[PDB]
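Asks: So here's target_17.txt, just compact mmCIF, C-alpha atoms:
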# COMPACT_ATOMS: atom_id res chain seq x y z
CA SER T 2 2.43 -8.24 -20.32
CA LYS T 3 5.52 -9.44 -18.47
CA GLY T 4 4.58 -11.20 -15.24
CA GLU T 5 0.84 -10.87 -15.83
CA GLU T 6 0.48 -14.63 -16.28
CA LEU T 7 1.50 -15.10 -12.65
CA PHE T 8 -1.61 -13.24 -11.52
CA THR T 9 -4.30 -15.15 -13.39
CA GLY T 10 -7.23 -16.09 -11.17
CA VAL T 11 -7.07 -15.68 -7.39
CA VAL T 12 -3.67 -15.39 -5.72
CA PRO T 13 -3.10 -15.84 -1.96
CA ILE T 14 -1.61 -12.85 -0.13
CA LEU T 15 0.45 -12.67 3.05
CA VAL T 16 1.45 -9.38 4.68
CA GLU T 17 3.80 -8.93 7.62
CA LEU T 18 4.75 -5.62 9.17
CA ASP T 19 7.01 -4.77 12.09
CA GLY T 20 6.89 -1.18 13.25
CA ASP T 21 8.07 1.29 15.85
CA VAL T 22 6.31 4.63 16.18
CA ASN T 23 7.78 7.08 18.71
CA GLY T 24 9.19 4.08 20.57
CA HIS T 25 6.01 2.01 20.46
CA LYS T 26 6.88 -1.38 18.95
CA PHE T 27 4.18 -3.40 17.22
CA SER T 28 3.57 -6.03 14.56
CA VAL T 29 0.78 -6.66 12.08
CA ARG T 30 -0.02 -9.82 10.12
CA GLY T 31 -2.46 -9.97 7.24
CA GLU T 32 -3.85 -12.68 5.00
CA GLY T 33 -6.22 -12.66 2.06
CA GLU T 34 -6.31 -12.96 -1.71
CA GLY T 35 -6.08 -10.85 -4.83
CA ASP T 36 -7.77 -10.92 -8.23
CA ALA T 37 -5.56 -8.73 -10.43
CA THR T 38 -7.71 -9.27 -13.52
CA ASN T 39 -10.47 -7.45 -11.67
CA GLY T 40 -8.18 -5.21 -9.60
CA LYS T 41 -9.73 -6.55 -6.40
CA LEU T 42 -8.11 -7.31 -3.04
CA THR T 43 -9.56 -8.75 0.18
CA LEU T 44 -7.46 -8.95 3.35
CA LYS T 45 -7.78 -9.21 7.12
CA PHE T 46 -5.08 -7.71 9.32
CA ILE T 47 -4.50 -8.29 13.03
CA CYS T 48 -2.13 -6.62 15.46
CA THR T 49 -0.13 -9.51 16.90
CA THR T 50 1.39 -7.46 19.72
CA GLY T 51 -1.82 -6.25 21.32
CA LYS T 52 -3.27 -2.79 20.77
CA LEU T 53 -2.13 -0.91 17.66
CA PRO T 54 -0.40 2.32 18.81
CA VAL T 55 -1.57 4.21 15.72
CA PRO T 56 -4.88 4.37 13.82
CA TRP T 57 -5.45 1.51 11.36
CA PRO T 58 -6.12 3.93 8.46
CA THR T 59 -2.57 5.30 8.70
CA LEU T 60 -1.20 1.85 7.78
CA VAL T 61 -3.42 1.08 4.77
CA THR T 62 -1.04 2.29 2.08
CA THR T 63 1.92 0.50 3.69
CA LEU T 64 0.05 -2.86 4.11
CA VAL T 68 0.61 -4.86 -3.20
CA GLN T 69 0.12 -2.63 -6.22
CA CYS T 70 0.91 -5.62 -8.41
CA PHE T 71 -2.81 -6.41 -8.06
CA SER T 72 -3.84 -3.33 -10.04
CA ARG T 73 -6.05 -3.77 -13.09
CA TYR T 74 -4.19 -2.26 -16.03
CA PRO T 75 -6.24 -1.59 -19.20
CA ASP T 76 -5.41 -3.67 -22.26
CA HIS T 77 -3.61 -0.73 -23.90
CA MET T 78 -1.47 -0.03 -20.82
CA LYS T 79 -0.29 -3.53 -19.89
CA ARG T 80 3.41 -2.99 -20.63
CA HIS T 81 3.43 -0.02 -18.24
CA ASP T 82 2.74 -2.36 -15.32
CA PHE T 83 6.12 -2.32 -13.57
CA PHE T 84 4.76 -4.16 -10.54
CA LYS T 85 3.92 -7.40 -12.33
CA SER T 86 6.91 -7.04 -14.66
CA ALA T 87 9.21 -7.43 -11.64
CA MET T 88 7.67 -10.77 -10.63
CA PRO T 89 8.34 -13.41 -9.43
CA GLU T 90 11.63 -12.08 -8.01
CA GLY T 91 9.72 -9.04 -6.81
CA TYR T 92 10.54 -5.47 -5.95
CA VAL T 93 11.61 -3.26 -3.08
CA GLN T 94 9.08 -0.57 -2.19
CA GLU T 95 10.28 2.33 -0.05
CA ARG T 96 8.31 5.29 1.22
CA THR T 97 8.50 8.39 3.33
CA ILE T 98 5.02 9.35 4.49
CA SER T 99 4.81 12.85 5.92
CA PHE T 100 1.73 13.58 7.99
CA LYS T 101 1.04 17.30 7.70
CA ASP T 102 1.93 19.14 10.90
CA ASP T 103 2.77 15.81 12.52
CA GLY T 104 5.19 12.88 12.32
CA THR T 105 6.70 10.82 9.53
CA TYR T 106 6.72 7.12 8.61
CA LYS T 107 9.72 5.62 6.82
CA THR T 108 8.96 2.23 5.28
CA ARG T 109 10.83 -0.45 3.36
CA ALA T 110 9.12 -3.52 2.00
CA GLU T 111 9.83 -6.42 -0.30
CA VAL T 112 6.97 -7.73 -2.41
CA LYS T 113 7.59 -11.06 -4.12
CA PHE T 114 6.27 -14.55 -4.59
CA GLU T 115 7.10 -17.21 -2.02
CA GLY T 116 5.74 -20.28 -3.75
CA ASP T 117 2.24 -19.47 -4.99
CA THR T 118 1.73 -16.74 -2.39
CA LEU T 119 2.36 -13.05 -3.03
CA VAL T 120 4.02 -11.71 0.11
CA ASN T 121 4.61 -8.18 1.37
CA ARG T 122 7.16 -7.94 4.20
CA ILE T 123 7.59 -4.49 5.70
CA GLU T 124 9.58 -2.52 8.25
CA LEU T 125 8.12 0.78 9.42
CA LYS T 126 9.63 3.41 11.66
CA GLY T 127 7.52 6.35 12.77
CA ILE T 128 9.12 9.41 14.33
CA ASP T 129 8.26 12.85 15.68
CA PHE T 130 4.54 12.33 16.14
CA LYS T 131 3.04 14.89 18.49
CA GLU T 132 1.18 14.11 21.69
CA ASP T 133 -2.57 14.74 21.37
CA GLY T 134 -2.18 14.90 17.60
CA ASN T 135 -4.51 13.18 15.12
CA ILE T 136 -2.30 10.08 14.93
CA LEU T 137 -1.12 9.30 18.47
CA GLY T 138 -4.36 10.76 19.79
CA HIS T 139 -6.44 8.39 17.65
CA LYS T 140 -8.63 11.11 16.16
CA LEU T 141 -8.86 9.61 12.67
CA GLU T 142 -12.15 8.08 11.57
CA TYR T 143 -12.27 4.42 10.63
CA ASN T 144 -12.80 4.94 6.91
CA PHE T 145 -10.83 5.64 3.75
CA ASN T 146 -11.14 7.95 0.76
CA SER T 147 -10.37 7.19 -2.87
CA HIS T 148 -7.05 8.46 -4.21
CA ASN T 149 -4.80 8.61 -7.25
CA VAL T 150 -1.21 7.36 -7.19
CA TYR T 151 0.97 9.24 -9.70
CA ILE T 152 3.68 7.04 -11.23
CA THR T 153 6.76 8.07 -13.20
CA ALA T 154 9.88 6.23 -14.38
CA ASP T 155 13.11 6.31 -12.40
CA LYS T 156 15.84 5.59 -14.96
CA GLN T 157 18.69 5.73 -12.42
CA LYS T 158 17.22 2.95 -10.28
CA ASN T 159 15.73 1.12 -13.27
CA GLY T 160 12.39 1.39 -11.52
CA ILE T 161 9.64 3.87 -10.72
CA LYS T 162 8.71 6.62 -8.30
CA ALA T 163 5.26 7.62 -7.11
CA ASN T 164 3.76 10.61 -5.36
CA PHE T 165 0.34 11.11 -3.88
CA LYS T 166 -1.50 12.65 -0.95
CA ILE T 167 -3.72 10.59 1.31
CA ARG T 168 -6.63 12.40 2.94
CA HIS T 169 -7.57 10.98 6.34
CA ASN T 170 -10.94 12.09 7.72
CA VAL T 171 -10.62 13.41 11.28
CA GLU T 172 -13.36 13.01 13.90
CA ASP T 173 -13.95 16.77 14.09
CA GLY T 174 -14.67 17.05 10.38
CA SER T 175 -11.19 18.23 9.44
CA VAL T 176 -8.75 16.35 7.20
CA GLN T 177 -5.31 14.97 8.05
CA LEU T 178 -3.06 14.92 4.99
CA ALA T 179 -0.32 12.35 4.51
CA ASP T 180 2.14 13.10 1.72
CA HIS T 181 3.54 9.95 0.15
CA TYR T 182 6.91 9.73 -1.60
CA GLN T 183 7.50 6.28 -3.10
CA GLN T 184 10.34 4.43 -4.83
CA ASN T 185 10.22 0.92 -6.32
CA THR T 186 13.25 -1.03 -7.52
CA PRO T 187 13.25 -4.50 -9.09
CA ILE T 188 14.99 -7.23 -7.09
CA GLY T 189 15.78 -9.11 -10.28
CA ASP T 190 14.68 -8.54 -13.85
CA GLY T 191 12.33 -5.65 -14.47
CA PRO T 192 10.43 -4.59 -17.61
CA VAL T 193 12.17 -4.15 -20.96
CA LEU T 194 10.94 -0.54 -20.95
CA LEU T 195 10.13 1.59 -17.92
CA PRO T 196 6.56 2.92 -17.85
CA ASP T 197 5.38 6.22 -19.25
CA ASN T 198 3.68 8.55 -16.79
CA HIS T 199 0.36 7.20 -15.53
CA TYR T 200 -1.60 6.73 -12.32
CA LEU T 201 -3.44 4.19 -10.20
CA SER T 202 -7.00 4.90 -9.07
CA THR T 203 -7.66 3.44 -5.63
CA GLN T 204 -10.77 2.80 -3.55
CA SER T 205 -10.83 1.11 -0.16
CA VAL T 206 -13.45 -0.13 2.28
CA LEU T 207 -12.58 -0.75 5.93
CA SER T 208 -14.69 -2.96 8.18
CA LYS T 209 -14.56 -5.11 11.31
CA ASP T 210 -14.88 -8.84 11.96
CA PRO T 211 -17.69 -9.24 14.53
CA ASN T 212 -16.06 -12.43 15.83
CA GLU T 213 -12.57 -10.94 16.19
CA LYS T 214 -11.56 -9.82 19.69
CA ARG T 215 -8.05 -8.75 18.65
CA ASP T 216 -7.29 -5.30 17.26
CA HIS T 217 -7.84 -5.77 13.53
CA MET T 218 -8.86 -4.41 10.15
CA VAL T 219 -10.84 -6.04 7.36
CA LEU T 220 -10.03 -4.43 4.03
CA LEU T 221 -11.53 -4.53 0.54
CA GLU T 222 -9.63 -2.69 -2.16
CA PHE T 223 -10.18 -1.87 -5.83
CA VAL T 224 -7.34 -0.52 -7.94
CA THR T 225 -7.09 0.30 -11.63
CA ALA T 226 -4.51 2.07 -13.76
CA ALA T 227 -5.22 4.93 -16.17
CA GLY T 228 -3.61 8.05 -17.62
CA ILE T 229 -2.60 6.74 -21.03
CA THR T 230 -5.16 6.84 -23.84
CA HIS T 231 -5.98 3.88 -26.05
CA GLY T 232 -4.44 4.35 -29.49
Spit out the file's structure as structure tokens when you get a sec.

Replies:
Amino acid sequence: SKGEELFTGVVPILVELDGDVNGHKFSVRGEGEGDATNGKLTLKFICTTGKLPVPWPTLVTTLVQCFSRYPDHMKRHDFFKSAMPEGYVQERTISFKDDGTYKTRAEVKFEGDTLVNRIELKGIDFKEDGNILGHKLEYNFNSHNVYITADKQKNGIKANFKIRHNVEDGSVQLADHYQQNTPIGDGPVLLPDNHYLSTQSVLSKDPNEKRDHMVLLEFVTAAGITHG
């Protein structure tokens, strides 16, 4: 499919995020690599401003869907790779149930041979002693499905999904995601039909890392359209 050739083999990844949650400014830098053919991602993130003011799990979805493994019969529906190398703008509003909201804007594109994700995140209205600012979320991540649909007006796509964050007391903190992606340059000839991405993530720690950080392993595939 369009842009798929740019993802053959292993591609280096760079992620940079600047954020402000309820007035707490922070920055995160991540590096790793992606194997789109296998829908596999490996990255290590570090908070470059000291202690992260929010739980690491709340930033997972913000911190490169172009690395998804699309089945042979669904290749053309891969908007993410179709927008490369120029890239795409990815915007989201993440609403944490009974808590605050994250507004994010990112640009995902190639800078040389490296796929880079540069993001700006503003978090507002988080409550004191809540699951987020109170750091009550467990250091793990569930598997989810990202529902994608075409957005004719913006010549791109929209996505909706609900992240389930395990809370230390056994409860679940929901985070509703509203997403919009627009091509920076040329996009696909045809916008995708409705489909979804199946995601699985594994969070871990680097025993030799003293800084606040997150080691992440991710597996993503696309489905929802049957093979002819």

Asks: Quick one: residues within 9 Å of residue 226 (chain T), all atoms listed in the file counted, chain neighbours fewer than 3 positions away excluded, as a PyMOL selection string?

Replies: chain T and resi 72-75+78+82+199-203+229

Asks: When you count only C-alpha atoms, which of these residues is closest to residue 59 (chain T): T:114, T:8, T:143, T:83?

Replies: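 Nearest to residue 59 (chain T): T:143.
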
Asks: Just how far from CA of residue 80 (chain T) is CA of residue 227 (chain T), in Å to one decimal?

Replies: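 We find that CA of residue 227 (chain T) and CA of residue 80 (chain T) lie 12.5 Å from each other.
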
Asks: Do a neighbour search on residue 127 (chain T) at 12 Å with all atoms listed in the file, toss out local chain neighbours closer than 3 positions, and write the hits as a list in words.

Replies: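 Counting only the stated atoms, we get residues 19, 20, 21, 22, 23, 24, 25, 26, 27, 54, 55, 59, 60, 96, 97, 98, 99, 100, 103, 104, 105, 106, 107, 108, 124, 130, 131, 136 and 137 of chain T.
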
Asks: Work out how far apart CA of residue 142 (chain T) and CA of residue 170 (chain T) are and give it in Å to one decimal.

Replies: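 CA of residue 170 (chain T) lies at a distance of 5.7 Å from CA of residue 142 (chain T).
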
Asks: Which residues, written as an NGL selection string, have at least one atom at most 10 Å from residue 37 (chain T), with only C-alpha atoms counted and residues fewer than 6 positions away on the same chain left out?

Replies: :T and (5 or 7-12 or 69-74 or 85 or 223-225)

Asks: Selection from above, C-alpha atoms, as a PDB file, in the frame of the given file, can you write it?

Replies:
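New file part-v7.pdb:
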ATOM      1  CA  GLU T   5       0.840 -10.870 -15.830  1.00  0.00           C
ATOM      2  CA  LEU T   7       1.500 -15.100 -12.650  1.00  0.00           C
ATOM      3  CA  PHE T   8      -1.610 -13.240 -11.520  1.00  0.00           C
ATOM      4  CA  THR T   9      -4.300 -15.150 -13.390  1.00  0.00           C
ATOM      5  CA  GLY T  10      -7.230 -16.090 -11.170  1.00  0.00           C
ATOM      6  CA  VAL T  11      -7.070 -15.680  -7.390  1.00  0.00           C
ATOM      7  CA  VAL T  12      -3.670 -15.390  -5.720  1.00  0.00           C
ATOM      8  CA  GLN T  69       0.120  -2.630  -6.220  1.00  0.00           C
ATOM      9  CA  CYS T  70       0.910  -5.620  -8.410  1.00  0.00           C
ATOM     10  CA  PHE T  71      -2.810  -6.410  -8.060  1.00  0.00           C
ATOM     11  CA  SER T  72      -3.840  -3.330 -10.040  1.00  0.00           C
ATOM     12  CA  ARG T  73      -6.050  -3.770 -13.090  1.00  0.00           C
ATOM     13  CA  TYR T  74      -4.190  -2.260 -16.030  1.00  0.00           C
ATOM     14  CA  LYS T  85       3.920  -7.400 -12.330  1.00  0.00           C
ATOM     15  CA  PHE T 223     -10.180  -1.870  -5.830  1.00  0.00           C
ATOM     16  CA  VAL T 224      -7.340  -0.520  -7.940  1.00  0.00           C
ATOM     17  CA  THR T 225      -7.090   0.300 -11.630  1.00  0.00           C
TER      18      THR T 225
END

Asks: Which distance in Å separates CA of residue 205 (chain T) and CA of residue 169 (chain T), to one decimal?

Replies: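 Between CA of residue 205 (chain T) and CA of residue 169 (chain T) the gap is 12.3 Å.
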
Asks: Under the rule that only C-alpha atoms are counted, which of T:162, T:207, T:13, T:191 is the nearest residue to residue 219 (chain T)?

Replies: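 Using only C-alpha atoms, residue 219 (chain T) sits closest to T:207.
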
Asks: Around the point (-8.7, -3.5, -2.5) in the file's coordinates, collect all residues with an atom within 6 Å, using only C-alpha atoms, and return them as JSON, numbers by chain.

Replies: {"T": [41, 42, 43, 205, 221, 222, 223]}

Asks: What's around region 48-50 of chain T at 10 Å? Count all atoms listed in the file, leave out sequence neighbours fewer than 5 positions away in its own chain, and write the answer as a CSV table (one decimal) with C-alpha atoms, in the coordinates of the input.

Replies:
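Output contents, as saved in around02.csv:
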chain,number,residue,atom,x,y,z
T,18,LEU,CA,4.8,-5.6,9.2
T,19,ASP,CA,7.0,-4.8,12.1
T,26,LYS,CA,6.9,-1.4,19.0
T,27,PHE,CA,4.2,-3.4,17.2
T,28,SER,CA,3.6,-6.0,14.6
T,29,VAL,CA,0.8,-6.7,12.1
T,30,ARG,CA,0.0,-9.8,10.1
T,31,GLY,CA,-2.5,-10.0,7.2
T,57,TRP,CA,-5.4,1.5,11.4
T,215,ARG,CA,-8.0,-8.8,18.6
T,216,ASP,CA,-7.3,-5.3,17.3
T,217,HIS,CA,-7.8,-5.8,13.5
T,218,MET,CA,-8.9,-4.4,10.2

Asks: Quick test: take region 162-194 of chain T, keep N, CA and C atoms, and write it as an mmCIF file, in the first residue's frame.

Replies:
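What ended up in selection.cif:
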data_model
loop_
_atom_site.group_PDB
_atom_site.id
_atom_site.type_symbol
_atom_site.label_atom_id
_atom_site.label_comp_id
_atom_site.auth_asym_id
_atom_site.auth_seq_id
_atom_site.Cartn_x
_atom_site.Cartn_y
_atom_site.Cartn_z
ATOM 1 N N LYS T 162 -11.042 9.749 11.819
ATOM 2 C CA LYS T 162 -11.388 10.036 13.199
ATOM 3 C C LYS T 162 -11.354 8.689 13.901
ATOM 4 N N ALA T 163 -11.124 8.704 15.206
ATOM 5 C CA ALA T 163 -11.101 7.469 15.969
ATOM 6 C C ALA T 163 -11.716 7.708 17.332
ATOM 7 N N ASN T 164 -12.327 6.663 17.873
ATOM 8 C CA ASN T 164 -12.944 6.739 19.181
ATOM 9 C C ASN T 164 -12.670 5.439 19.902
ATOM 10 N N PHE T 165 -12.362 5.543 21.184
ATOM 11 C CA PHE T 165 -12.115 4.368 21.989
ATOM 12 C C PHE T 165 -12.067 4.752 23.453
ATOM 13 N N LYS T 166 -12.187 3.754 24.315
ATOM 14 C CA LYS T 166 -12.169 3.987 25.747
ATOM 15 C C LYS T 166 -11.068 3.187 26.409
ATOM 16 N N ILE T 167 -10.126 3.887 27.026
ATOM 17 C CA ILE T 167 -9.036 3.226 27.715
ATOM 18 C C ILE T 167 -9.490 2.920 29.135
ATOM 19 N N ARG T 168 -9.150 1.725 29.599
ATOM 20 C CA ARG T 168 -9.489 1.280 30.943
ATOM 21 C C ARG T 168 -8.210 1.193 31.770
ATOM 22 N N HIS T 169 -8.058 2.108 32.726
ATOM 23 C CA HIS T 169 -6.883 2.135 33.591
ATOM 24 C C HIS T 169 -7.190 1.472 34.929
ATOM 25 N N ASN T 170 -6.457 0.411 35.254
ATOM 26 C CA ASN T 170 -6.661 -0.281 36.523
ATOM 27 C C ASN T 170 -6.256 0.631 37.673
ATOM 28 N N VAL T 171 -7.117 0.725 38.684
ATOM 29 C CA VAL T 171 -6.842 1.548 39.857
ATOM 30 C C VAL T 171 -6.370 0.630 40.987
ATOM 31 N N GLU T 172 -5.527 1.156 41.868
ATOM 32 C CA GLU T 172 -4.985 0.379 42.979
ATOM 33 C C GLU T 172 -6.010 -0.301 43.882
ATOM 34 N N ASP T 173 -7.213 0.259 43.977
ATOM 35 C CA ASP T 173 -8.243 -0.326 44.833
ATOM 36 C C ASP T 173 -9.113 -1.356 44.119
ATOM 37 N N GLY T 174 -8.725 -1.724 42.903
ATOM 38 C CA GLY T 174 -9.491 -2.707 42.160
ATOM 39 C C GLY T 174 -10.515 -2.116 41.212
ATOM 40 N N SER T 175 -10.744 -0.810 41.307
ATOM 41 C CA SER T 175 -11.705 -0.155 40.429
ATOM 42 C C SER T 175 -11.036 0.153 39.093
ATOM 43 N N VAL T 176 -11.792 0.754 38.182
ATOM 44 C CA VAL T 176 -11.273 1.099 36.865
ATOM 45 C C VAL T 176 -11.521 2.566 36.530
ATOM 46 N N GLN T 177 -10.479 3.233 36.043
ATOM 47 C CA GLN T 177 -10.565 4.635 35.650
ATOM 48 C C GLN T 177 -10.665 4.670 34.131
ATOM 49 N N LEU T 178 -11.802 5.130 33.625
ATOM 50 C CA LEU T 178 -12.019 5.198 32.186
ATOM 51 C C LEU T 178 -11.497 6.500 31.595
ATOM 52 N N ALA T 179 -10.974 6.411 30.379
ATOM 53 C CA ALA T 179 -10.467 7.582 29.680
ATOM 54 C C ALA T 179 -11.014 7.528 28.262
ATOM 55 N N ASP T 180 -12.015 8.356 27.989
ATOM 56 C CA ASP T 180 -12.626 8.406 26.671
ATOM 57 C C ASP T 180 -11.731 9.169 25.712
ATOM 58 N N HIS T 181 -11.407 8.534 24.591
ATOM 59 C CA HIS T 181 -10.555 9.146 23.579
ATOM 60 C C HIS T 181 -11.309 9.552 22.322
ATOM 61 N N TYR T 182 -11.137 10.808 21.920
ATOM 62 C CA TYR T 182 -11.720 11.328 20.687
ATOM 63 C C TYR T 182 -10.488 11.736 19.885
ATOM 64 N N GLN T 183 -10.340 11.169 18.694
ATOM 65 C CA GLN T 183 -9.160 11.407 17.868
ATOM 66 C C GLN T 183 -9.443 11.868 16.442
ATOM 67 N N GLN T 184 -8.569 12.734 15.932
ATOM 68 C CA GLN T 184 -8.681 13.239 14.567
ATOM 69 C C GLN T 184 -7.291 13.248 13.939
ATOM 70 N N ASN T 185 -7.177 12.714 12.728
ATOM 71 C CA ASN T 185 -5.899 12.701 12.018
ATOM 72 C C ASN T 185 -6.085 13.342 10.654
ATOM 73 N N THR T 186 -5.173 14.247 10.318
ATOM 74 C CA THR T 186 -5.211 14.961 9.051
ATOM 75 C C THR T 186 -3.842 14.864 8.382
ATOM 76 N N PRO T 187 -3.809 14.585 7.070
ATOM 77 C CA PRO T 187 -2.513 14.487 6.393
ATOM 78 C C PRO T 187 -1.851 15.860 6.257
ATOM 79 N N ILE T 188 -0.535 15.897 6.422
ATOM 80 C CA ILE T 188 0.200 17.149 6.290
ATOM 81 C C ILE T 188 0.373 17.432 4.803
ATOM 82 N N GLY T 189 0.577 16.371 4.035
ATOM 83 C CA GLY T 189 0.739 16.512 2.603
ATOM 84 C C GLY T 189 -0.270 15.628 1.908
ATOM 85 N N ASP T 190 0.222 14.753 1.039
ATOM 86 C CA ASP T 190 -0.641 13.843 0.307
ATOM 87 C C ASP T 190 -1.101 12.700 1.204
ATOM 88 N N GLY T 191 -2.378 12.361 1.092
ATOM 89 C CA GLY T 191 -2.930 11.271 1.870
ATOM 90 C C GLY T 191 -3.240 10.130 0.920
ATOM 91 N N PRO T 192 -4.097 9.181 1.318
ATOM 92 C CA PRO T 192 -4.431 8.059 0.439
ATOM 93 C C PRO T 192 -5.359 8.496 -0.692
ATOM 94 N N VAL T 193 -5.425 7.693 -1.748
ATOM 95 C CA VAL T 193 -6.305 8.006 -2.868
ATOM 96 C C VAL T 193 -7.744 7.896 -2.365
ATOM 97 N N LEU T 194 -7.993 6.884 -1.538
ATOM 98 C CA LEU T 194 -9.314 6.662 -0.957
ATOM 99 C C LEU T 194 -9.182 6.639 0.556
#
